[PDB]
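Here the structure comes first, spelled out in structure tokens, and everything after it is commentary.
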Amino acid sequence: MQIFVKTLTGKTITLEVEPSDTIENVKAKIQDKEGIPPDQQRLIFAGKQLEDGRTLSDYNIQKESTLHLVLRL
Amino acid sequence: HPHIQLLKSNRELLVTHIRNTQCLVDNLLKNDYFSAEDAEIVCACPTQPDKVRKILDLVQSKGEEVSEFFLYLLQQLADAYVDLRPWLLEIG
Numbered sequence: 001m002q003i004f005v006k007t008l009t010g011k012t013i014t015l016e017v018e019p020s021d022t023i024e025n026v027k028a029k030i031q032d033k034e035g036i037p038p039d040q041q042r043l044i045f046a047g048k049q050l051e052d053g054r055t056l057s058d059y060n061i062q063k064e065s066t067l068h069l070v071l072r073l
Numbered sequence: 017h018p019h020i021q022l023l024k025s026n027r028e029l030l031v032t033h034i035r036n037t038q039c040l041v042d043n044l045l046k047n048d049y050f051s052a053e054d055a056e057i058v059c060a061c062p063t064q065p066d067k068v069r070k071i072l073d074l075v076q077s078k079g080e081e082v083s084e085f086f087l088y089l090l091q092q093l094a095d096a097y098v099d100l101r102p103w104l105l106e107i108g
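Chains as they are written, first to last, in the entry's author numbering: chain C, 1 to 73; chain A, 17 to 108.
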């Protein structure tokens, strides 16, 4: 399935994931596409920040969902 | 306004059964019925049904001509590959 991620430089990238994919996996695909260290990424789904442990299924992130990416140093 | 009303009545049916908003936004973008901002506004919606709701809101606002096209878009997208359905689901 596909999820969307708004990197707040305005644009919105489109990813290809599975409900089983962990948050790290999503960060990995983001790193591939945008060149950002996973330990600098924080994924936001509807106001809540996702933990690096759980999966997309555990968050009820279904097809054509949109997450927000913020930086952390 | 038989088309705006047609989208106002069966609004729940559409939100329920539409499973790809991307190929809808794209086609609307390519026909100048949707601004680049309208696309980003729809993409901003957290869940998929929310995106379906947002698209329907924008369509029913821009007029009747835009609505009539949206009906035609859904028709020729569902009918396009429908007879491949038995074989496709047969595999994976």
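Note that CB positions come from ideal geometry on N, CA and C, so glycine has one too.
ask   = Would you say A/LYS67 faces chain C, with C-beta separation under 8 angstroms as the test?
value = yes
key: C/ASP21, buried or exposed, once every other Cβ within 10 Å from all chains shown has been counted against 16   = buried
query = Per DSSP, which one or two residues make a beta bridge with A/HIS17?
reply = Beta-bridge pairing links A/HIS17 to no other residue.
query = Can you tell me whether C/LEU69 is buried or exposed, with buried defined as 16 or more other CB within 10 angstroms of its CB?
reply = buried
request  = Give every residue of the same chain whose Cβ lies closer than 8 angstroms to the Cβ of C/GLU24, excluding the five residues on either side of it in the sequence, and list them in chain order.
outcome  = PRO38 and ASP52
ask   = If the cut is a Cβ gap below 9 angstroms, which residues of chain C does residue 144 of chain A touch?
value = Because chain A is modelled from 17 through 108, residue 144 of chain A falls outside the range shown and cannot be assessed.
task = Could you check if A/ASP54 is buried or exposed, using at least 16 other CB atoms within 10 Å of its CB as the buried criterion?
result = buried
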